[PDB]
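In what follows, a single structure is set out as structure tokens and then discussed.
Order of writing sets the chain letters: A, B, C, D, E, F, G, H, I and J. Residues in each chain are counted from 1.
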Amino acid sequence: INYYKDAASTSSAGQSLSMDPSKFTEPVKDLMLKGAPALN
Amino acid sequence: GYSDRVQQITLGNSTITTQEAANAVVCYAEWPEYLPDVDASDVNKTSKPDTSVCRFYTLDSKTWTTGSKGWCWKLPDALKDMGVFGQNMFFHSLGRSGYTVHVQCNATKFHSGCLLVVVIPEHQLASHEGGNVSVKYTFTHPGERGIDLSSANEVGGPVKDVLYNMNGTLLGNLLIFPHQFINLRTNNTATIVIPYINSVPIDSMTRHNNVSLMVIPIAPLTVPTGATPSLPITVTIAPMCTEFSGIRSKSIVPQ
Amino acid sequence: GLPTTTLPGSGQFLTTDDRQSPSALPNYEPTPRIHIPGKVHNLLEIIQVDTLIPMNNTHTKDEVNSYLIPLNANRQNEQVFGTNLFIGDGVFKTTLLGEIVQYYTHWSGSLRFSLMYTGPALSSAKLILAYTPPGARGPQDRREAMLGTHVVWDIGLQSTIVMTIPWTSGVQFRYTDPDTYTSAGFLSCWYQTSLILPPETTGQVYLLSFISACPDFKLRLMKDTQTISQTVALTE
Amino acid sequence: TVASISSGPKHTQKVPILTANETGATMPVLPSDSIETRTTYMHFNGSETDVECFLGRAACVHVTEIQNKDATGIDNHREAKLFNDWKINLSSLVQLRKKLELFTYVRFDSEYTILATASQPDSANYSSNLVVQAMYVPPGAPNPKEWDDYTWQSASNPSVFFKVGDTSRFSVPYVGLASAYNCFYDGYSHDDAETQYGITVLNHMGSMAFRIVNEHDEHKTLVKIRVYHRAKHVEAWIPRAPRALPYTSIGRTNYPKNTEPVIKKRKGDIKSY
Amino acid sequence: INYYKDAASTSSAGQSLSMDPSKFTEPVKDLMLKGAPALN
Amino acid sequence: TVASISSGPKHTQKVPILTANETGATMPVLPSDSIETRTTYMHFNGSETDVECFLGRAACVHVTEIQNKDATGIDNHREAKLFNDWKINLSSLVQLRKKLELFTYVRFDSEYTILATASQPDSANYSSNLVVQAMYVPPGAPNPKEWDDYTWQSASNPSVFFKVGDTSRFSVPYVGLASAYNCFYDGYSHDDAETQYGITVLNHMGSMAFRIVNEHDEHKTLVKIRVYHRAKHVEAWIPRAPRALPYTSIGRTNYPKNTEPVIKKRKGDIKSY
Amino acid sequence: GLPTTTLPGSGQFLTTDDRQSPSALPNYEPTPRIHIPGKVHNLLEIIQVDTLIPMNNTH
Amino acid sequence: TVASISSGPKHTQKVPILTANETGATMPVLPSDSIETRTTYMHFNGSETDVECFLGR
Amino acid sequence: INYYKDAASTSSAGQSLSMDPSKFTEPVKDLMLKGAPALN
Amino acid sequence: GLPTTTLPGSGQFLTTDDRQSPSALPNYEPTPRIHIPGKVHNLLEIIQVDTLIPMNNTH
């Protein structure tokens, strides 16, 4: 129950439960498959 | 072939024609109307003299010269003596009215000058004394003569400083009030229709003025070479939808 | 009896909170409303009405004359006026727009700047108004000025010209109190050809200038105005 | 909502930027009437500029002070601040005043918050705990006279009792006699030659007199009352030019003589940046 | 939920979301169209 | 969810453990690519490492102090701590600063808690009860000057009044001018040759000046204000390397000269355990 | 008036609790979000990117 | 609710304003029995004069 | 919502909205019509 | 335990507020009402009865 009118006044947000490290761990242009050779 | 420019206003037994108008303003986009029952309080039936009060009265003329500061009239005061409008005014306890104001000033295509014509609802004036000095009655009831902002401070009178609208606000912002300019190069008249604006449904016509009409030169008058250095300004005003109520003995007012 | 716990902030008075209160006058009946022309709902409604700018600020005591921008006959190439666009300060500051902007911390949007000409009808003139977006200096000559937002104004039957300062900005809000990062540009005006008076006529002619906000405009985060203060409470 | 539409080159006979300001209108010209624009959206509603929001936060409207001390031998309680009254009004302290006078007529309910704090400027063993009793002395009702008169019985007059250090809060409906409160009034109370002019004769509402309920301790205690006012359910008509000069009096428009130029003079030319 | 009986005791009002500047910006008697000449 | 799958002997031409790190990727290698594993489940969600959780607890962001004393003859209230202001900011006290600067841009609502406690370091008969009034002096609004200026009327500026010893709490929406707050800014406010560099010119927001509402008692009372800040509704973009050296200034990245080696030297060889 | 009882812990400030508060800026409208590459949601996302180890610590 | 109805000139044999107070009644005479009135509404209920309200503070 | 068991403990009563002055203003035995003569 | 916040005005006594209170005499039975002529409901009922005006105030 929100007792207040504005959105800033609500409690903390709830877990992204998004999670996708590939923008950080695999930003390569041509896709690399694990097990296939790195450099062909 | 209708132009914004030519106009005719017929009200009662009097008509005005202008061949050089610049549209017309209707305050707050509302046209004068009578007092509806749902808004009524006083139980008295009101009197609506119609055409005998709703006609055009032309006040005496002013003279714009290079030194003019501006003039100020109050309503219904300015009309306190015009024909039957005025009688009704002194004889009823309460009255209510809207107006058509037509300010006139013609020159030639060699003159320059620009007047601001503005209507201010509830224009409470300031004392030039400062502090909490009041502005006596007579001073805020100049009648058809109006107040001449280039006249001298008097005692018990209001301040007449133009950059401050006679109340502590700047001339530049008067444009938030219904107004129209008369720019000799464009315009030769200004017309404003004023609906009745008050916090009560009907009021006293003598103890309270509900608008001040103000004509202020802003771009100084500049006449062609060796022209006479002045132009007359005329103000004609017509009560519209007037109603009077609570008839009796006839008010006696100071001075 | 229902168990409760009170949180931090209990008992505080926040002047901006909005809650219910007991009425001191139980059952009282207010006066009926009657109709009054002119109701205002948003300050955004009124900042779109234009008001005059005391552009000619060069006087020494407030005068009707600082609203008048003078024009000289026969000058060519030259500059009519210049100003930065800190709407919360300087020329803008006393205008209705300036005056309201000062109740808020941030503004964004387009401005409408218009000039009404008051010279004799038998005269003529062509002026250029230029808006210079943030990043360059106030233009120093028309050549410089004409490369940014500009309008050639031809003085005619139609007396006023409405220039718009379109919102040009990286950051989507600027501060109303003058700030650098957040600055908005300059506005200048120059003779495009020149003012020409008819015979039998002489002297200076003036332009009146107005400012109002486009429907575009946003103002946010209310605060107190530097435009009013006091040293002791007033009395009757 | 679009803030700007896309618009391209123009070579017309239809010129939206030439107008005649003499007419009194402000023609609704937009960036896209005079430059080439791209679409953009507003992303904004204008929520915080609603008049309810503008006049709806608490503002300090009054600071008064009363003291708790032995009234023995005091011939004039009112005069000893054994209690005080406030000829209620809003245009005294000004921050809020300039805000309200942007309008001619205004109608709203009021929510009052009253904070009371105590001071003991001279040697006390302790801080006592005082209860304040503020009560509404509308006009026609009698004025107390002493700090413990029959008046304080307040059998028909709303009164609130709270503790110094705490806050009291209650809300009063719109008590105006007309349909709106006049922010300005160019009239008199009657056609008298010397009667006062302005709003002081209209916006009448009597006063609200505070006192401490406690009898006196050995030391003296100064209690200073701050009244805050918040407008709720606001309705405002007829905008006016903002106040430029300083204020001098409650209820008159008067400004001080030899005031200073309110428009900032340029440091340079008209041509200066 | 109002806890109190009187209307004055309720919280602040809610946004007009009315907004119509034309009574202030265009109070002219004969309608002006943007783009058409101001004075005919 | 499985944390490890079962995997057995391998003799392949498909080697997941040989990669080329020059590419910039971190290939997702698992225990089961190089040893024989058994199934096991995660039993865990990673709840408490969510950025909302990481930045969502209150951190002390500021400690200031004001005193209640007779202002009689004080020529500079600000200077007597008759009140003070805090040119609001978050990178002053550091525990929270290192946490935020793990990201480049951050967007969140703030919840402030303000604790105020009083001290009476020299002989007092008692402890008085003071009410603090902290108010938001955004930038453009005027600065008070005395501890009881018209400014404190705060008719348009949010202010909270609470008691010393208590706590005040309210929450402010994300007030940034852009879409996010810059934790870093490699720019200037304009192309000036001597203008300052960094974020001090960006993350502008004026200040919040506190005062005691009470007049003075016979003794003096020190009130020390602690502001706590909790981010709610957090959004963070572009992770960066954590801060290694100590901080020297609000808003610049500068580290102190002749700082000490931040990597611990081995007590022994590279070969040491 | 509804009868209540307050429990132990009333008035405490726990830096880790998560509740509602009044907004100091009623009705204010925040700047629109635009898109920015790189959003992080969990610290678990970033500790999977490898970084260099100063293994040769002997200096 | 109407506070006053509209009423015009009268020239009757039916005079509501002449009564005999000796009877002990207060005859319910209204403005519209003796002047010409216009319609107006009450806009009011008499809430705050209820005895519960009068003795209830 | 009453939180208490006894009726005395409830808040103020609500407006009679009864209103009939005739027991006080017209307690006459034979009915008087306004407009008809008082004494016949 | 449900989390609460108290507002300004807590603990005040406003002589005009109207709320519930515990009964000191739980379960007591008031005397039956009997009929009494003359009940008044509104002060508006009684100000319509006319009374004499001391018009001749000159004594």
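What we mean here is this: a contact is a pair of C-beta atoms (placed from the backbone, for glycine too) under 8 Å apart; a residue touches a chain by one contact, two chains touch by 3 or more.
Here the chain at the heart of the shown protein, by mean C-alpha position, is D. Interface repeat of A-G: among I-J or G-I, over half of the contact pairs recur, by residue number, only in I-J. Here the spacing of chain D and chain G, counted between their Cα centres, is 39 Å.
Separating the centre of chain B from that of chain J, both taken as means of CA atoms, is a distance of 53 Å.
Taking each chain's centre as the mean of its C-alpha atoms, chain A lies 77 Å from chain H.
Among the residues of chain F, those touching two or more other chains are numbered 26, 28, 46, 50-51, 56, 113, 136, 150, 154-156, 158, 160-161, 163, 166-167, 169-175, 177-179, 232, 239. Annotation for chain B: residues 4, 22-23, 25, 27-30, 121, 132, 170, 173, 176, 178, 181, 183, 186, 197, 199-200 touch two or more other chains. The set of chain I residues touching two or more other chains comprises 3, 12, 15-16, 19, 25. Contact residues of chain D toward chain C in the complex are 3-4, 15-22, 26-31, 33-35, 37, 42, 44, 46, 48-51, 53-54, 56-59, 62-63, 87, 89, 91-95, 98-99, 103-105, 107, 111, 113, 115, 136, 158, 160, 166-167, 169-180, 200, 228, 230, 232, 235-239, 241-244, 246-251, 261-266, 269-273. Of all residues in chain A, only 2-6, 8-12, 16, 18-21, 23-25 touch chain G in the complex they form. Contacts from chain J toward chain D in the complex involve residues 7-17. Touching chain D in their complex are the following residues of chain F: 70, 125-131, 150, 152-156, 158, 161, 163, 213-218. Interface residues of chain D facing chain B in the complex, by the touch rule stated above, are 20-25, 104-105, 178-199, 238-245, 247-257, 262-263.
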